[PDB]
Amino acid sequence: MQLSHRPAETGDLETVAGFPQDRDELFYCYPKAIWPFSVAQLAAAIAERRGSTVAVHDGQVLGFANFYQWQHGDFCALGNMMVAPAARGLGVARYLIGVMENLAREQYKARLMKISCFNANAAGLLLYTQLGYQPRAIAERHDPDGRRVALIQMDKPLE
């Protein structure tokens, strides 16, 4: 694996919007979005967020993430974490989370990264745990069917 990163570009949008494979996956990474996902929905998030970044390997965009909260000197909140379905479990999210930690430290002077993860996303919860994130709170949210879900609010000090 020889991963690189760069800011997200218009030409990446169709690729990245292809990453969520079902309503659950879209919910876990972008709960405000409505299935089916679209480039317009992805662009809307990019426009209102900061730091949208892609991970690339062998000419393929394999990952995407951004910040939906940012407070200089304080923290950033990382979301829209998406990984190409053929590249799952190969370290792309771990790589990109590390890049986003460096961005938060360097650009925003953040002392903390927040990551919130829905309860059903076991793989996410375990990944963020392996990367040193700890659970701080659990918040109630509602899914598209009106069912109650638990949002696990985690954080990690940045060094």
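Numbers for residues come from their place in the sequence shown, where the first is 1.
With 60 to 68 and 86 to 94 compared on mean CA B-factor from the PDB entry, the stretch scoring higher is 86 to 94. You'll see in the entry that, of 123, 115, 54, 29, the Cα B factor peaks at 123.
Ranked against the other modelled residues of its chain, the C-alpha B-factor of residue 135 as given in the entry falls in the lowest third. Residue 129 sits in the middle third of its chain by CA B factor, as recorded in the PDB entry. The PDB entry assigns residue 18 a C-alpha temperature factor belonging to the middle third of its chain's modelled residues. Annotation for residue 40: C-alpha temperature factor in the highest third relative to the rest of the modelled chain, per the entry. Ranked by Cα temperature factor within the chain, residue 110 sits in the middle third according to the deposited record.
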